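Q: So that you can map any letter, position 31 of the sequence shown is 33 in the working numbering, and since no number is skipped, the others follow by simple counting. Don't be surprised by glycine CBs; every beta carbon is placed ideally from N, CA and C.
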Amino acid sequence: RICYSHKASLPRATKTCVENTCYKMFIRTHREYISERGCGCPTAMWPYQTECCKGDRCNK
Numbered sequence: 003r004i005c006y007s008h009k010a011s012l013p014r015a016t017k018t019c020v021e022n023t024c025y026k027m028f029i030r031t032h033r034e035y036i037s038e039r040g041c042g043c044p045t046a047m048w049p050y051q052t053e054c055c056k057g058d059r060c061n062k
C-alpha cells in the first residue's frame, strides 16, 4: 500500500506500507488543513487529530 507520510506537515512525500489502511492528520481546530499523514489508522499528539481510510494514497 503506497500512502502519504511526511512528518514535516508542510511539504509532502509518500512511502510504501503493509497496512491495508492509511490515515490523514489535521490540526483539531483546522479540519480544512490535512497537515500530516501516516499508514494504518491513528498516531498523533495534541492538537493533531487523525482520520483513517483504505486505498493507495487515500490519505491525501
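#1: Which value, in whole angstroms, describes the spacing of the CA atoms of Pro49 and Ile29?
#2: Here's the rule: buried if 16 or more other CB atoms are within 10 angstroms of the residue's CB, otherwise exposed. What is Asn22?
#3: Could you check which residue in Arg3, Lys62 and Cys5 has the C-alpha nearest to that of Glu34?
#4: Please state the DSSP three-state secondary structure of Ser37.
#5: Here's the rule: buried if 16 or more other CB atoms are within 10 angstroms of the residue's CB, otherwise exposed. What is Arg14?
A: On the basis of the data shown:
#1: Between the C-alpha atoms of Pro49 and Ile29 there is a straight-line separation of about 6 Å.
#2: With fewer than 16 other Cβ atoms within 10 Å, it is exposed.
#3: Distances from the CA of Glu34 to each of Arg3, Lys62 and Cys5 were compared; the closest alpha carbon is that of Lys62.
#4: Strand, per DSSP.
#5: Result: exposed.
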